[PDB]
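Here's the structure, in C-alpha cells; my notes come after.
These numbers come from the heavy atoms of this one structure, side chains and all, not from hydrogens, waters or symmetry mates. Labels below follow one simple rule: chain letters A, B, ... track the order of the sequence lines, proteins then strands, and each chain is numbered from 1. Note that ligands are numbered from 1 as they come in the structure, with each ligand's atoms numbered from 1 the same way.
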Amino acid sequence: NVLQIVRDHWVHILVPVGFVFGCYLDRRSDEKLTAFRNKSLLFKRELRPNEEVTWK
Amino acid sequence: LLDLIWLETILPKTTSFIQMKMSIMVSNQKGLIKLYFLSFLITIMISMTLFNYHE
Amino acid sequence: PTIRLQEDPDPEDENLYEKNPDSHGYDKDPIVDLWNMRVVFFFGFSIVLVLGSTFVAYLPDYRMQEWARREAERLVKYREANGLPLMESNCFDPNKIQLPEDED
Amino acid sequence: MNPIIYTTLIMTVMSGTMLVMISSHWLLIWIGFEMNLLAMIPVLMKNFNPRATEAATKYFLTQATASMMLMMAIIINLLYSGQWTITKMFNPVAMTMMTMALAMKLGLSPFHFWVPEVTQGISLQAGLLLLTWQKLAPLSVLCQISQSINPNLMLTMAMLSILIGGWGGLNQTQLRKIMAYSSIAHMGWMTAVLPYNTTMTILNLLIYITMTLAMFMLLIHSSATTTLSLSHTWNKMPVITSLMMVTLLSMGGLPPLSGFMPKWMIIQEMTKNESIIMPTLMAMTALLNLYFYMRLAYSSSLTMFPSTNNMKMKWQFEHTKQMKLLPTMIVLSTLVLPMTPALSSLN
Amino acid sequence: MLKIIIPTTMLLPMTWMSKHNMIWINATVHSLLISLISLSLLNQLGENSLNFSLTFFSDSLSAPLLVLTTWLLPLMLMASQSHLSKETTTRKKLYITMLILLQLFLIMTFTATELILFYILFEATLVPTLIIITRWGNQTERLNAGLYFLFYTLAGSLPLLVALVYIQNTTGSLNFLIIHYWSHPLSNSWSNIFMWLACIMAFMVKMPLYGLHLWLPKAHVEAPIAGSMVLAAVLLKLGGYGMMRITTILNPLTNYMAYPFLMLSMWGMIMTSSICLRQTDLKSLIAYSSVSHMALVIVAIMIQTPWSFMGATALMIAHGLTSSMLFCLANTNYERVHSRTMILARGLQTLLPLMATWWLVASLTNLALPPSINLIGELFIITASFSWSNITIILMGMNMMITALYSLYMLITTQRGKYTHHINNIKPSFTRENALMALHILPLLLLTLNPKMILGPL
Amino acid sequence: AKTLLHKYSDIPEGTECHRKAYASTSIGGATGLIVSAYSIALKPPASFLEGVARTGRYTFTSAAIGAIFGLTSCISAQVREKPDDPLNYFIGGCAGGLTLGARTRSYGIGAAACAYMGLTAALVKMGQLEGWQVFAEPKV
Amino acid sequence: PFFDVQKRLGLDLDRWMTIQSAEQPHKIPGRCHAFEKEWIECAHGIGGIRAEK
Amino acid sequence: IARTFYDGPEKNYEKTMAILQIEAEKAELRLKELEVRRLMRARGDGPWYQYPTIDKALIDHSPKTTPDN
Amino acid sequence: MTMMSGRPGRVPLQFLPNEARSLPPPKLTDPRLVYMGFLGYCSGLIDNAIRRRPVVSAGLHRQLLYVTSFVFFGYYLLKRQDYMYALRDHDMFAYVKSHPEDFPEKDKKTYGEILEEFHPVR
Ligand SMILES: CCCCCCCCCCCCCCCCCC(=O)OC[C@H](COP(=O)([O-])OCC(O)COP(=O)([O-])OC[C@@H](COC(=O)CCCCCCCCCCCCCCCCC)OC(=O)CCCCCCCCCCCCCCCCC)OC(=O)CCCCCCCCCCCCCCCCC
Ligand SMILES: CCCCCCCCCCCCCCCCCC(=O)OC[C@H](COP(=O)([O-])OCC(O)COP(=O)([O-])OC[C@@H](COC(=O)CCCCCCCCCCCCCCCCC)OC(=O)CCCCCCCCCCCCCCCCC)OC(=O)CCCCCCCCCCCCCCCCC
Ligand SMILES: CCCCCCCCCCCCCCCCC[C@@H](O)O[C@H](CO[C@H](O)CCCCCCCCCCCCCCC)COP(=O)(O)OCC[N+](C)(C)C
Ligand SMILES: CCCCCCCCCCCCCCCCC[C@@H](O)O[C@H](CO[C@H](O)CCCCCCCCCCCCCCC)COP(=O)(O)OCC[N+](C)(C)C
Ligand SMILES: CCCCCCCC/C=C\CCCCCCCC(=O)O[C@H](COC(=O)CCCCCCC/C=C/CCCCCCCC)COP(=O)(O)OCCN
C-alpha cells in the first residue's frame, strides 16, 4: 500500500537531499583551497607520528 | 505642501512631463518622404562640414 | 442595455467558522487545516524557537572573549610585577619605523 | 506567390548578405547589397495591399540612395588610392560618405524615419526578416572598417539613435512600431561600442537578434498587431503571455536576464577607455525602452483586460502551425547570463 | 554556504510537484527547516569573516540578515494563504515561486564576495517584488506603485554600476577583502566627488533617504501582505548593508560629503514622524515609520563610528521584525473590514482582546521601550551622534517624543474608544493570526536576552 | 564648426568679456540656425515669410541666450578674480535660462532653464578642469 | 563580419582585381606598377598600424 | 557543538590565505593585461591589433611589354 | 577594434586549432556543462507548455534530445572559450617578456618606510 503514500509524500526528501548535496559541495570547495595548509606563520606545526594533514 | 506636491513636482512629475513632451515631438511625423528626405540632405551637409572638414 | 459589460457580481466573503466551528483559519478542509496548524506549531515553536535558542545560547566562544581576558590578566600581572607601564602609547616598535630624513 | 519563387527570393536575399560578408573587393560588396535589395523588395510585398506597396516604395528609395552614396565613397577612395580591397579607407571624405551611407542602410538616427513606417506597413514575418537579417551586412562592413572610423560622428549617431528610439517608442500603441523603435535604440547601442571593440558589437547583435526572434515569433503565435488585440491573449493562452512578459523584461535589460549582458559588457568596455559620461547617458536613456516594455507587460500579462463572447469558440481549437525554434529562442533570450565568459569565443 | 542555497532551489520543484492541497504545509515546513539550518551562521569570529569559498563569505553583519530573511519566508507564507484561497493552483504555485526566488536572491546578495555579483543579485531582487506587487495587489494604484518602485531604484543603481566597473579598471579587483586590505584615500577633486555620489546614491534611494522616499508609501501600501512584509523587513536593509560595505573606499571624502545627507536624514526624520500624526490610512503610517527609522540608520552609517555601526545593525534587525509585525496586525483588520481607513473600525479591544495585546506589544517595540533591541540601536546611534555634535540631541530628542505619540495614537485609535455600531462582521481571531503575531514578537525579546548576535562586526 | 569653439575657448576666462560674449553669441546663432533648418524641413511653415519669421525667432533666442551666458560668466569671473571656478559657469547658465524664460514668457520655463542650464554649464567647466572626455579616443 | 572563405578554400573569387599590379591580360602594365609594388612589398606582413608609419 | 558542527580556526585562516593569494594575483593580471592592450594598440608591434595589408603574393613579376614596367 | 582577427597563423574558419589540443579538456561534470544541460531541459519544458502537453511527462525522447544537444554544443563552446583565454594569456606573457623597458620591477618598500597620511574620524 506504500505506493500511494510514496507517490503523495516523495516531495519531502528534496530539501534534505539538497542540504546533504550542499554540504558535499562545500567540502569539495574546501578541497580546492589547501595551498597554505599547515604553512601559515601563525599555525605552522610539525605533523603527528600518524596524521597526514592538519585539516580537511 | 512637501510630500504630496513639491517632492512629487521636482523629481518624478518633471521627468514624466519632459519625457512625454519629447515623445510627442519625436513621434509625430506625417509620413511624407519629402520632409525627412530634406532632413537627410540637411544631415549630410552638416556631417560634411562639422565632422568631415575637421580631420 | 444601459450596461457597459457582462460581469460576475462581487461575491460575499466566506466565513471559515460556518462549516467548521473550530477552524484554526488555515484551510477549508478540516483535516488539512488541523495538520497545517500542527506542523506550524511543531516546527515553529518546538523546533526552531526553543532548540534554536538553546543552540545559540551554548555557541562556543569563537569570539575569543575569555581568551582575551586571560591574556590581559597575564599581561597586567607581568607589567605590574616588573614595574613597567600597563600600556604604551605606541603599538609599533619605533626601531622598525624609518621616518623621513628631513622635516624642514 | 509561388512557394518556389518565395524560396528563391529568400535564398537570393541570404546570398547577397553572404556575398557582402565574404568579399574582399568593394565592387563585390556593393553587388551583394544590390542583390539583397533586389530580392528583398518583393518579399516585403508578399501580401499585396496599399500599405505594403507604400512600405516597399519607401524602403527602395532609402536603400537606393544609400547604395549610390556607398558607390561614390568607393570611387573617391579609389581615386585617392588605387585600392579595391576593403581596408583602412585612405580618404576621410570618402570615409564620412561611407559612414553616412551605412548608417542610412541600418536606420540609425537621424536616418531613422523609414524604419517604423516600413515595419508597420508589412507583415510580421517580413518585419522579422527586416529587423533581424537585414542588419548583418552593414554591420559586417562597419566592423571591417572600424579602425578608420571617426568616433565623433558614430558616437553622435549612436546617442541620437538611443534617445530617439526611447522617445518614439514611448508614444506607440502599434506593436510593429514599438519593435522598430526598439530596433533603433539597439542599433545605437551596437554602434556606440564599435570603434572600441567589434566583439562587443557582435555579442550585442546576437543577443538582440535572439530576443527579437523570440518576440516576433510570440507575436505571430498570438495573432496580435495592436496592444488591445494582445490584451486578449490571456483569455486564450496564458503561457504565451507569461513567456512574453519575461522576454519583455529581458529586452528591458534587467538583471539577471540575458538582455542585461550586452549593455553591462559594453559599459565595461567603454570604461576601459576613458569614456565615462556616454555610458551613463546611454543607460539612463535605455530606461525609456524599459518603461514602454513595462507598459506592454501591464497590458498583456500582469493585469486581465476584458474579453469578448466569440473568444469561447477559439477555446475549442488548437494552433496548427508550430514554431520549432521558439522554446530555444525564449530560453536563450532569458537564461543566458551565467554563460557570459563564453563571449571570448566570439573574437 | 551551498548547504543553505541548494535547499531553497529544492523548495522550488518541491512546490511545483506538490499535491494541490499540500503546497502551504510543505512550503512552511521546509522553510522553517531552512531557517533552522541557517541559524548556524551566527557562530562568528572576532578577527575576520567566514570565507566559505572564492564566491561566498559570511560576516557578523550579514549573518543576522540571512537569519531574518530565512525566518521571514515562513511568516510570509502563513500570512498569504488566507487571501489566496480563491486562487487557482497554478497561480498559487507561481506566487510561492516568486517568494522563493526572492529569498534565493537575497541570500546570495548578502554573502557575495565581489561587488559586481552583489550588484547583479541586488538588482535581480527587483523582478519578483515588482511581479508580486503588480499582479497580486488589490487596487488600481498598484500599477503606478510598481513603476515608482522600479525607476526610483534603477535611476540610482545605473550610475553605481558604471562606477563599479570604473573602479575595477583602476584597482584591478572588486573582491571585498582585496578592496579592504588595499584601501587608498580619496583625494578632493570633482571626479572623486562624482564617484562618491555614484557609489552612494543607489543605497540612499534604497533606504530610502528623505526626499527620495516617495516610492515607498505607494509600494508598501499597494502591495499584498507578503510583499509589504518583505519590503519593510529585508529589502530596505539592502541599502544599509551596501552602504556599510562601500564606505571602506570613500574616506576621507565622506568627512564632508555626508553633510547634505545628514541634514536631510535628521530633518526628514522629524518630518516623517510629524506626517505620521495626521494619516488616515493605517498602512501609510507604518510606511512613514519605516522612513523615520531608516533616517536614523542613515545618520549612523554616515558618521562612521564603531558605536554608530553597532547601533545601525541592531536597529535594522529590530525594525525589520517590528514593521513586519505591524503590517500583519493592520492586515488582520483589513481582511475583516475590507478598508484601510484607521477610524473606520474602533474599540477593537472589546471584540478582540488577544489581538489588542499583540497591538500593544508591537507599538511598545515601535517606540523603543527599554530594554528592547530597538532601544539599544536607537540609543547607540544617539550616543554616537552626540559625540559627533552635542546639538544633535535636540533633533533626536524631538524624534523620540513624536514617535511614541503617533505610535500610541495608532493604538488608541484602533483598540480603545467604543466599537463602531454598524460593523457586525468582526469574527474571533484565528489560530493562524495569533501564531503569526507570536512568531514575530518572541524572537525580538529572545534577541534582547543576547544582544551581541545583532551588534555586527564592530 | 570647431573654429567658433576655438575662438571662444582661446580667450582666457576673466579677460576681454566683450570678445567672449561675441563668440558665445556666434555659437548660439549657429545652433539656432541649425535648429530652424531642421524645424522647417520637418514642419513646413506654409509660407516663405512665415519660415523667415520662425528662423529669425529661433536664431534670436539662441543668440541672446549665448550672449547673456558669455557676458555674465566672464563678468562674474573678472569681478570675483576667481577663474577656473564652476560657479561663474553656473551663474552664466542660470542667466541664459532666465533669458530663455523671458523669451518664451513663462515663469516655469525660466526657473527650470535656470536650474538645468546652470548645472550643465558647471558640469562643462568641471569637465574642462579635470579633463573629462565626451568622445573618448580608443585607447585599448 | 569577414569570413575568409576564399583564403580557407584557396578559391580566388575576386582577389585578381583588387590591385593594379596583379596579372593583367597581355602583361599590360599599370601606370604606377612599380610604386604600388614597392609599397605592397614594404607593408607586407607588418600590419596596418606599423605600415602607416 | 564545536566538535560536531565546526572545525578549528586554522582551516578558515589558511583558506582565507589561499583566497587572498588568488584574488591578488587576478588583480595584478588584470592591470597587466590592460597595460599590454594599451601598448599593443598604440604600437602595433604585437600579435594583437594586426590589421590586414595587401598580400605580396598577388604581384606579377613578369616582363610587361614595356621595359620600365 | 579587433584584437585577434589578424593574429598570425590563424586559420579563417577553423573553430578549433590544433594547438588547442595541448590544453586539458573540460570535465564532463563541469558546472557550465551542467548549466547548459539545464538550459536544454528548460527548453524541453517550455516546448511542452507551448504545445499544450503535460509539461513534465509529455515527451521524454524530445526532452532527452534537448538536453543532449545543449550539452553537446556546450562542450565544444567551452573548449573554444578556454583556448581563447589561453591564447590571450600566452600573448600577454610573451609581450611582457619581450618589452622589459615597459614593465620594470621597481624596488620594494615596507610599510615602516612609507609615509601615509592619517585622516582622523571625528
Ligand atoms: C527634501 C526637502 C525639500 C526639497 C524640495 C522642496 C522645496 C523646493 C521646491 C519648492 C520651491 C521651488 C519652486 C521654484 C519656483 C517655482 C515657480 C514656478 O513653478 O513657475 C510656474 C508658475 C506658473 O506661472 P505662469 O503660468 O508662468 O504665469 C502666471 C503667474 O503665476 C503670474 O505671476 P504674477 O503676475 O502673479 O507675479 C510673478 C512675479 C511676482 O510674484 C508675485 O506677484 C508675488 C511676489 C512673489 C515674489 C517674491 C520675491 C521677493 C520676496 C523674496 C524674499 C527673499 C527670499 C527668501 C530667502 C531669504 C534669505 C535670507 O514673479 C516674478 O516676476 C519673478 C521675478 C524673480 C523674483 C523672485 C525670484 C527670487 C529667487 C530666490 C533667490 C534665492 C537665492 C538663494 C538664497 C540663499 C539664502 C537662503 O509660476 C508662478 O506662478 C510663480 C511665479 C513666482 C515664483 C518665483 C518665487 C521663487 C521661490 C524661491 C525659489 C527657491 C528654490 C529654487 C532655488 C534653486 C534654483 C537654482
Ligand atoms: C536562479 C536559480 C535557478 C532558477 C532557474 C530559473 C527558474 C526556473 C527555470 C525556468 C524554466 C523552467 C520551467 C519552464 C516551463 C514552465 C512553463 C509552464 O507553464 O509551467 C506550467 C507547469 C504546470 O503545468 P501542468 O503540470 O501541465 O498542469 C497545469 C496546467 O498546465 C495549467 O497551466 P495554465 O497555462 O492553464 O496556467 C496559466 C498560467 C501559466 O503560466 C505559467 O505557468 C508561467 C510560466 C512561465 C515560464 C518562465 C519564463 C521563461 C523562463 C525565464 C525565468 C526567469 C528567471 C529569472 C528571474 C526573473 C523572473 C521572471 O499563467 C498564469 O496563471 C498567469 C500568472 C501571471 C504571473 C506572471 C509571472 C510569470 C513569470 C515567472 C517566471 C518564474 C520562473 C519559473 C516559475 C515556475 C514555472 C513552472 O509547471 C510545471 O509543473 C513545471 C515546473 C516543474 C518541473 C521541474 C521539476 C524537475 C523534476 C523534479 C525533481 C527535481 C530534480 C532535482 C535533482 C535532485 C534529485 C532528487
Ligand atoms: C531631493 C534629495 C536628493 C538627494 C540629495 C543629494 C545631495 C547632493 C549634494 C552634493 C553635496 C556637495 C557636492 C560637492 C561638494 C562641494 C559643492 C560646492 O558647493 O562647494 C564649493 C564649490 O565651489 C563652488 O560652489 C563651485 C560649485 C558651484 C556649481 C555647482 C551647482 C550647485 C547649484 C545647486 C543645483 C542643485 C543640485 C541638486 C539637483 C537635485 C567648495 O569650494 P571648492 O573648494 O572650490 O570645491 C571643492 C572641490 N575642489 C576641491 C575640487 C575644487
Ligand atoms: C542569446 C544567446 C546567444 C546564442 C547565439 C546562437 C547560438 C547557437 C549558434 C551555434 C553556432 C554554430 C557555429 C559552429 C560551427 C563552426 C563555425 C566556425 O568555423 O566559425 C568560427 C567562429 O566561431 C564562432 O564565432 C563561435 C560561435 C559561438 C557563439 C556563442 C557566444 C555567445 C556569448 C556568450 C553567451 C552564452 C551562450 C550560450 C550558448 C547556448 C570561425 O571563426 P572566424 O571565421 O575567424 O570569425 C569570423 C568573424 N571575425 C574574424 C570577425 C571574428
Ligand atoms: C531617483 C534619483 C536617483 C538619482 C541618482 C543619480 C545620481 C548619481 C550621481 C551621478 C553619477 C555620475 C558618476 C558616473 C560614474 C563616476 C565614475 C568616475 O569616477 O568617473 C570620473 C569622471 O567623472 C565624471 O565624468 C562624471 C561627471 C558627471 C556626468 C553625468 C552628470 C549626471 C548628473 C550630475 C548631477 C547629479 C548628481 C547628483 C544627483 C543626486 C541625486 C538627486 C573619473 O573619470 P576620469 O576622466 O578618468 O577623471 C580623471 C581623468 N580626467
* To do: Among all protein heavy atoms, pick the one closest to atom 28 (O) of ligand 1 and tell me residue, atom and distance.
  => F:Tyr107 CD1, 4.2 Å
* **Residue I:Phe15 vicinity, atoms of ligand 4 by number, heavy atom under 4.0 Å** => 16 (C), 18 (C), 19 (O), 23 (O), 26 (C)
* Asked: What is the distance from atom CE of E:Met14 to atom CD1 of E:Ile96, rounded to the nearest 0.5 Å?
  -> 7.5 Å
* Asked: Against heavy atoms of F:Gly108, which atoms of ligand 1 measure under 4.0 Å?
  -> 20 (O), 21 (C)
* To do: Compare D:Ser242, I:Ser43, I:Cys42, E:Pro13 and give the one whose heavy atom is closest to atom 12 (C) of ligand 2.
  => I:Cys42
* **Identity of the nearest option to atom 52 (C) of ligand 2, non-hydrogen atoms only, from E:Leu121, D:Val246, E:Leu126** => D:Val246
* Structure fact -> ligand 4 atoms nearer than 4.0 angstrom to some heavy atom of D:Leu343 are 33 (C), 34 (C)
* Asked: What atoms of ligand 2 come closer than 4.0 angstrom to any heavy atom of D:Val239?
  -> 19 (O), 35 (O), 40 (C)
* Asked: Is the closest N or O pair between D:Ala342 and ligand 4 shorter than 3.5 Å?
  -> no
* Structure fact -> Within the 4.0 Å heavy-atom cut-off, what D:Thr199 brings close to ligand 4 is neither
* So between I:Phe73, I:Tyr76, D:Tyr208, whose heavy atom ends up nearest atom 11 (C) of ligand 4? -> I:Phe73
* **Which segment of D:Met237 sits under 4.0 Å of ligand 2 when only heavy atoms are counted** => neither
* Asked: Which is closest to atom 25 (O) of ligand 4 by heavy-atom distance: D:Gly259, D:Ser344, D:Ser345?
  -> D:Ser345
* Asked: Which atoms of ligand 4 sit under 4.0 Å from any heavy atom of G:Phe2?
  -> 47 (C)
* **Shortest heavy-atom approach to atom 30 (C) of ligand 2 - which of E:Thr125, D:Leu254, E:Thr90, E:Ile132** => E:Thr90
* Is atom 18 (C) of ligand 4 in close reach of the protein, with a heavy atom under 4.0 Å away? -> yes
* Among pairs that include at least one residue of residues 33-53 of chain I, which meet side chain to side chain donor-acceptor pair (under 3.5 Å), considering only residues two or more places apart or in two chains? -> D:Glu318-I:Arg52, I:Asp47-I:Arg51, I:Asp47-I:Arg53, I:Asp47-I:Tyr66, I:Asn48-I:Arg53, I:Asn48-I:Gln63
* So with a 6.0 Å cut-off around OH of I:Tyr85, is the heavy-atom count from everything else above 12? -> yes
* To do: Scan side-chain atoms only and decide if D:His186 and D:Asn204 contain a donor-acceptor pair under the 3.5 Å cut-off.
  => no
* Please check if a non-hydrogen protein atom sits closer than 4.0 Å to atom 7 (C) of ligand 4. => no
* Quick one: look up the protein heavy atom nearest atom 13 (C) of ligand 1 and list residue, atom name and how far away it is. => B:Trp6 CH2, 3.9 Å
* To do: Measure from the side-chain N and O atoms of D:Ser333 to the backbone N and O of D:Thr210, and report whether any donor-acceptor pair falls under 3.5 Å.
  => yes
* Asked: With a 4.0 Å heavy-atom cut-off (strictly under), which part of E:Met98 contacts ligand 2: side chain, backbone, both or neither?
  -> side chain
* To do: Indicate whether atom 89 (C) of ligand 1 is within a distance of less than 4.0 angstrom of some protein heavy atom.
  => no
* **Rounded distance [0.5 Å steps], OH in E:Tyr95 versus CZ in E:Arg135** => 12.5 Å
* Protein contact to atom 5 (C) of ligand 1 [nearest heavy atom, distance to 0.1 Å] -> B:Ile10 CD1, 3.8 Å
* Out of curiosity, is E:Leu264 lining ligand 1, as in a heavy atom under 4.0 Å away? -> yes
* Asked: Starting from atom 2 (C) of ligand 1, which protein heavy atom do you reach first, and at what distance in Å?
  -> E:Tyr210 CE2, 4.0 Å
* Structure fact -> Honestly, for A:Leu14 the part within reach of ligand 2 (heavy atoms, under 4.0 Å) is side chain
* If you measure every N/O of D:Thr210 against every N/O of ligand 4, is any gap under 3.5 Å? -> no
* Structure fact -> Min over D:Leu337, I:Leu39, D:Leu335, D:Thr334 of heavy-atom distance to atom 55 (C) of ligand 2 lands on D:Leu335
* Just go through I:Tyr35, E:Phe105, I:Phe38 and tell me whose heavy atom is the nearest to atom 57 (C) of ligand 2. => E:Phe105
* **Identity of the nearest option to atom 39 (C) of ligand 4, non-hydrogen atoms only, from G:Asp4, D:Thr328, I:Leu77** => I:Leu77
* To do: Could you check which of D:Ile240, A:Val17, E:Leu94 puts a non-hydrogen atom nearest to atom 43 (O) of ligand 2?
  => E:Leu94
* **Side chain, backbone, both or neither: the part of I:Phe70 lying under 4.0 Å from ligand 4 by heavy atom** => neither
* Structure fact -> protein heavy-atom neighbour closest to atom 17 (C) of ligand 1 works out as F:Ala111 CB, 4.8 Å
* Structure fact -> for atom 99 (C) of ligand 1, nearest protein heavy atom and its distance come out as F:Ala115 CB, 4.7 Å
* Asked: What distance do I:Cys42 atom SG and I:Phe70 atom CZ have between them, rounded to the nearest 0.5 Å?
  -> 9.0 Å
* When you look for heavy atoms under 4.0 Å from ligand 4, do you find them on the side chain of I:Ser5, its backbone, both, or neither? -> side chain
* Heavy-atom protein neighbour under 4.0 angstrom from atom 1 (C) of ligand 4 -> yes
* For atom 3 (C) of ligand 1, the option (of B:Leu1, E:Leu209, B:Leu7) bearing the nearest heavy atom -> B:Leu7
* Asked: Would a 4.0 Å cut-off, counted as strictly less than, catch a protein heavy atom around atom 41 (C) of ligand 4?
  -> yes
* More than 12 non-hydrogen atoms from neighbouring residues, nucleotides or ligands closer than 6.0 Å to CZ on I:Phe15, yes or no? -> yes
* To do: May I ask whether D:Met261 has any heavy atom positioned less than 4.0 angstrom from an atom of ligand 4?
  => yes
* **ligand 2 contact on E:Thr89 by region, counting heavy-atom pairs under 4.0 Å** => neither
* Should the heavy atoms of other residues, nucleotides or ligands under 6.0 Å from CG of B:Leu4 be counted, would the total exceed 12? -> no
* To do: Give a yes or no on whether atom 65 (C) of ligand 1 lies under 4.0 Å from any heavy atom of the protein.
  => no
* Any protein heavy atom sitting closer than 4.0 Å to atom 31 (C) of ligand 4? -> yes
* Show which atoms of ligand 2 fall inside a sub-4.0 Å distance from at least one heavy-atom site of E:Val127. => 58 (C), 59 (C), 60 (C)
* **Heavy-atom nearest neighbour of atom 23 (C) of ligand 2 within options E:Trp16, I:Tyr41, A:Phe21** => E:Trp16
* To do: Record the part of I:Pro12 in heavy-atom contact with ligand 4 below 4.0 Å; permitted values are side chain, backbone, both and neither.
  => backbone
* To do: Under 4.0 Å from a heavy atom of G:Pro1: give me the atoms of ligand 4 that qualify, with their elements.
  => 48 (C), 51 (C)
* Structure fact -> closest protein heavy atom to atom 56 (C) of ligand 2 is D:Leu257 CD2, 4.0 Å
* Asked: Is atom 52 (C) of ligand 4 less than 4.0 angstrom from at least one protein heavy atom?
  -> yes
* Structure fact -> Going by the 4.0 angstrom heavy-atom rule, the piece of E:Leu104 near ligand 2 is side chain
* Under a 4.0 Å heavy-atom limit, does I:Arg80 contact ligand 4 with its side chain, its backbone, both, or neither? -> side chain
* Are any of the protein's heavy atoms under 4.0 angstrom from atom 95 (C) of ligand 2, yes or no? -> no
